[PDB]
């Protein structure tokens, strides 16, 4: 029976902020088409994860 | 002696208004590159140019 | 049918037009120039090149005695005049003479920028205070403060071996004094005359409408400005920037220069934008020159 | 017109003795009623028409 | 037992800024793999160090 899980945020180190931006938070994909996951999650960059 | 002209607006036919909008007026390009022509000119849609 | 009341009303209308044109006059020369008002024939600038620093208390306080030689700006004057033909007044075609004087006022406002940038473009043909070209390959810098010993070669002009390209400039504005100085002796003023018994109203036919001014532009100190006629490329830009940042005055003490803005001709503005100012490179990403300098578009450089 | 530089001389406006001959024109339109629907009291027409 | 050593910023002379950007600032290599050092430290160029 599904639990109805709703992922909220994805945590990455400060090193992967560019990848977080490309996946979410920008309107350009790698191929240049409109994102299907724009502003889907609230990224939280941190220095505690290097 | 240069006149310091300032091209303000771009007028296109109704049949190419979408092409003008997607080529110019959006900061995301088809391939995924930043467009240096965002909001550079004010497009004026008009139905009298066919 | 024509009386001095109409003349006065026309004068008031033209004054309003001129004031409105001046109010909306764009100003651009202030970005890369400094205004120093004067109250005499000219200004002497022999203290330029001196780089005030802080000094210890090892002993007697050191004070500099700058040379009596000066830049000798030698300010000049400008005006423009327009006519009426005295003919269309009878036809009452007064709708014209509004945009004409508005354009005249706009051109008067833009004149200082035009002159400043025209002088900048001809830097190789003009000499600064020290007696050498503003953009030169053999600028002198001595190894000692007093100015003794073998000199060293410092270059701020970069040119290609052949196939010369467009000329672009890299300037600095963080400092208190910009590379160029724009003198302003008298604010431009309008000079009208419409009497029926005066010159050029009886002789020929032209109701003169003039606008005077008195200004001139001079160089600052060359350590900031630079010229590069080579192709605008990322590698070339990086070379110019890291050569500029590695410039030391007499005594081998870096000045901590901060190249602020880049100026390019209108025919290469798109190439400058696409080379610098776009996140994605030709093949990759993270262009290391994003928003590093503020491009200043200008039509005065052809 | 542009601000001119002194060379010990004076420059008066350049252009003169010329015209464009716009030759303004006139336009008109007309509509009818047919005189019939007045009797029927179908006055709903001729509102959107005007 | 150690402390929390977290190298934050890196300083280079102006003659090595190009190499600093090359080592940190490029994502794809010749092979086609992402660099794990992107935006790991805050570069701070200075002219006081010659």
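Here are the numbers for the structure shown:
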| read-out | value |
| --- | --- |
| Looking only at segment C:23-40, and only at residues there that are assigned to a helix (DSSP H, G or I) and without any contact (Cβ under 8 Å) to a residue 12 or more places away in the chain, the one that is farthest from residue C:91 (Cα to Cα) | C:30 |
| Residue within segment C:82-96 that is assigned to a strand (DSSP E or B) and touching a residue at least 24 places away in the same chain (Cβ under 8 Å) present | yes |
| Odd one out for residue C:156, checked against (1) in contact with a strand residue (DSSP E or B) (Cβ under 7 Å, 6 or more places away or on another chain); (2) over 30 Å from residue D:2 (Cα atoms); (3) within 14 Å of another protein chain (Cβ to nearest Cβ) | (3) |
| The lone exception for residue C:230 - which of (1) facing another protein chain (nearest Cβ under 9 Å); (2) in contact with a strand residue (DSSP E or B) (Cβ under 9 Å, 6 or more places away or on another chain); (3) touching a residue at least 40 places away in the same chain (Cβ under 8 Å) it fails | (1) |
| Criterion violated by residue E:2 - all others in (1) out of contact with any strand residue (DSSP E or B) (no Cβ under 7 Å at 6 or more places or on another chain); (2) touching a residue at least 24 places away in the same chain (Cβ under 8 Å) satisfied | (2) |
| Those residues of segment C:5-22 which are out of contact with any helix residue (DSSP H, G or I) (no Cβ under 9 Å at 6 or more places or on another chain) and either loosely packed, with under 12 Cβ neighbours inside 10 Å or free of Cβ contacts under 8 Å to residues at least 24 places away in the same chain (or both), in sequence order | C:5, C:8, C:9, C:12, C:16 |
| Residue identified as part of a helix (DSSP H, G or I), more than 14 Å from chain B (Cβ to nearest Cβ) and touching a strand residue (DSSP E or B) at 6+ places or on another chain (Cβ under 6 Å) among C:293, C:240 | C:240 |
| Residue list for segment A:1-19, filter: within 14 Å of chain B (Cβ to nearest Cβ) and over 22 Å from residue C:283 (Cβ atoms) | none |
| Among residues of segment E:20-33, those that are within 15 Å of the chain's Cα centre (by Cα) and either within 11 Å of chain C (Cβ to nearest Cβ) or under 15 Å from residue A:18 (Cβ atoms) (or both), counted | 7 |
| Any hit, segment C:213-223, residues being part of a helix (DSSP H, G or I) and buried (at least 21 other Cβ atoms within 10 Å of the Cβ) | no |
| Qualifying positions in segment C:105-118 - within 14 Å of chain D (Cβ to nearest Cβ), surrounded by 19 or more Cβ atoms within 10 Å (Cβ to Cβ) and out of contact with any helix residue (DSSP H, G or I) (no Cβ under 7 Å at 6 or more places or on another chain) | C:107, C:108, C:110, C:111, C:114, C:115 |
| When residues of segment B:34-50 are limited to those that are within 14 Å of chain A (Cβ to nearest Cβ) and under 13 Å from the mean Cα position of the chain (by Cα), the one surrounded by the most Cβ atoms within 10 Å (Cβ to Cβ) | B:35 |
| Single condition residue C:224 does not satisfy, out of (1) under 25 Å from the mean Cα position of the chain (by Cα); (2) over 30 Å from residue C:72 (Cα atoms) | (2) |
| Selection count where residues are exposed (fewer than 13 other Cβ atoms within 10 Å of the Cβ) and either touching a residue at least 40 places away in the same chain (Cβ under 8 Å) or under 18 Å from residue C:181 (Cα atoms) (or both), scope segment C:63-81 | 3 |
| Among (1) touching a strand residue (DSSP E or B) at 6+ places or on another chain (Cβ under 7 Å); (2) surrounded by 15 or more Cβ atoms within 10 Å (Cβ to Cβ); (3) under 23 Å from residue D:12 (Cβ atoms) - the single one residue C:141 does not satisfy | (3) |
| Residue within segment C:121-129 that is under 27 Å from residue C:249 (Cβ atoms) and touching a helix residue (DSSP H, G or I) at 6+ places or on another chain (Cβ under 9 Å) present | yes |
| Subset of segment C:249-271 that is free of Cβ contacts under 8 Å to residues at least 60 places away in the same chain and either within 9 Å of chain E (Cβ to nearest Cβ) or within 11 Å of residue C:169 (Cα to Cα) (or both) - its residue that is surrounded by the most Cβ atoms within 10 Å (Cβ to Cβ) | C:254 |
| Residue in segment C:91-105 that is touching a strand residue (DSSP E or B) at 6+ places or on another chain (Cβ under 9 Å) and under 25 Å from residue C:297 (Cβ atoms) present | yes |
| Any chance residue C:91 is in contact with a helix residue (DSSP H, G or I) (Cβ under 6 Å, 6 or more places away or on another chain) and under 30 Å from residue D:16 (Cα atoms) | no |
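Conditions (1) in contact (Cβ under 8 Å) with a residue 40 or more places away in the chain; (2) surrounded by 12 or more Cβ atoms within 10 Å (Cβ to Cβ); (3) in contact with a helix residue (DSSP H, G or I) (Cβ under 9 Å, 6 or more places away or on another chain), marked per residue:
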residue: C:159; (1), (2), (3): yes, yes, no
residue: C:171; (1), (2), (3): yes, yes, yes
residue: C:179; (1), (2), (3): yes, yes, yes
residue: C:183; (1), (2), (3): yes, yes, no
residue: C:188; (1), (2), (3): yes, yes, yes
residue: C:194; (1), (2), (3): yes, yes, yes
residue: C:199; (1), (2), (3): no, no, no
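For neighbour counting, all protein chains shown are included, and Cβ atoms are generated from backbone atoms with ideal geometry for every residue, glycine included. We did not get these values from a lab; they are worked out from the coordinates using the rules stated.
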